[PDB]
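As structure tokens, one chain now follows by itself in the form deposited in one PDB entry.
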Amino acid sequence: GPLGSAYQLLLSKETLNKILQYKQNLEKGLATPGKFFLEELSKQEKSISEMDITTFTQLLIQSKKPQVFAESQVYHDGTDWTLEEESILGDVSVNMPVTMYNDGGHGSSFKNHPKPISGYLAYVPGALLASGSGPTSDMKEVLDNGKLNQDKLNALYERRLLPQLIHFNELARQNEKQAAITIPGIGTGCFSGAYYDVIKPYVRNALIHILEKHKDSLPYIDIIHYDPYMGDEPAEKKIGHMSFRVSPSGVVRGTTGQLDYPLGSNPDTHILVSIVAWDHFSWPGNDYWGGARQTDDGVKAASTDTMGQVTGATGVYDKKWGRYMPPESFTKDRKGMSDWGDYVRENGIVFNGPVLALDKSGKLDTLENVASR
């Protein structure tokens, strides 16, 4: 993004193929962009054929808005995003280094870190199984006549999580460390919709299946700390060389927070990575762009310098409310209405950064290189 914005977008090979088909369809005049993607294309000068696959992908990602309720405010047609665009945006993840100012507890339960922790976030959109209008792209993929299909849900989460796991397996090796990864109940909140009573065992089965399938590609990943809060039994499972842990903090007293080192890891031996349950249509942090420290997405963004990594501005952590605030100068001269979404609008900030793809060999590369092979 702007000057001091450091984040990296990632997507799978299968997602890249969807982007290539969509770009080709547009080049032939056989498809029509949704309202918001149409707006981003209108504001730049390149025709579809002139732009490379990376620029095209970045512009589709740029159509995301800071705050969107994907489960209730989207129509899945031309008036906002089409199903073809939605299928691509759900597969896009974004990682960034962050300072973590508290352990990420919801509400008033957060524990401030005496010294803020240096780690990483990986925002990944969960399976969207709720809609205020027609069915969603994820529904058409993982639901067979109404049944959640465990195998299809597995393939969905493998598509979206594996690029981030490959990134942080490689990042840990670069730092002569292992990786400790904390995972929330991704897609088990509002995204589950009518499937709230079956989704949570399905999600951990998907996590286990991804780690079991790709254990030989993740030798520097050591600990996976999965915390669905409630609705699951505590357990530990050795998966190859990795320790997979189901530690529901609402059932087990003393569980380490999502933005904290799990048992058996420390800053000398491990890098700390937290997965964030993201949203097809929103910037990283979603709700907190409107000042609401709510949901896993908004809690983790408010409890990190996420908004500083997206905007390039230097915020100030409010240790009484557990939220990373905009610069004081902004929250005084525009004191009443000065959340991070207001800063974005006043400064013309857009969401747009480098993007890589996971090729068939398990390496992250430019979209141009992965498409040519």
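C-alpha atoms forming the largest set that superposes within 1.5 Å between two forms make up the rigid core. A residue's number is simply how far along the shown sequence it sits, counting from 1.
Inset, instruction - Look over 162-170 and 142-150 in the entry and identify the one with the greater average Cα temperature factor. - result: Mean B over CA atoms: larger for 142-150.
Inset, instruction - Output the stretch having the higher mean C-alpha B factor in the entry; the candidates are 120-128 and 248-256. - result: Mean C-alpha B-factor is greater for 248-256.
Inset, instruction - Grab the CA temperature factor for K111 from the record and place it in the lowest, middle or highest third of its chain. - result: Its C-alpha B-factor belongs to the middle third of this chain's values.
Legend entry - Third of the chain's Cα B-factor distribution that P228 belongs to, per the entry: As the PDB entry reports it, the C-alpha B-factor of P228 lands in the middle third of its chain.
Inset, instruction - Using the B-factor values recorded in the entry, state whether the Cα atom of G290 falls in the lowest, middle or highest third among the modelled residues of its chain. - result: Its C-alpha B-factor, which the entry lists for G290, ranks in the middle third among residues of this chain.
Inset, instruction - Taking the chain's C-alpha temperature factors as the reference, tell me which third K335 falls into: lowest, middle or highest. - result: Its C-alpha B-factor, which the entry lists for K335, ranks in the highest third among residues of this chain.
Legend entry - Ranked against its chain, the third holding the CA B-factor of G348: Within its chain, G348 is a middle-third residue by C-alpha B-factor, going by the deposited values.
Just so you know, the form deposited in another entry exists too; it's not on screen, but the next bit is about it.
Inset, instruction - Superpose on the rigid core, then report which one of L38, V316, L30, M337 has a CA displacement of at least 2 angstroms between this form and the one not shown. - result: So the only displaced C-alpha belongs to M337.
Legend entry - Cα displacement of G353 between this form and the one not shown reaching 2 Å, rigid core superposed: Comparing forms between this form and the one not shown, the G353 CA shifts below 2 Å.
Inset, instruction - Indicate closer or farther: the Cα atoms of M337 and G107, in that other deposited form, relative to the displayed form, with a change of 3 Å or more. - result: They are closer; the C-alpha distance drops by 3 Å or more in that other deposited form.
Inset, instruction - Given a change of 3 Å or more, say if the Cα atoms of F110 and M337 sit closer or farther in that other deposited form than in this form. - result: The answer is closer, because the C-alphas of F110 and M337 approach each other in that other deposited form by 3 Å or more.
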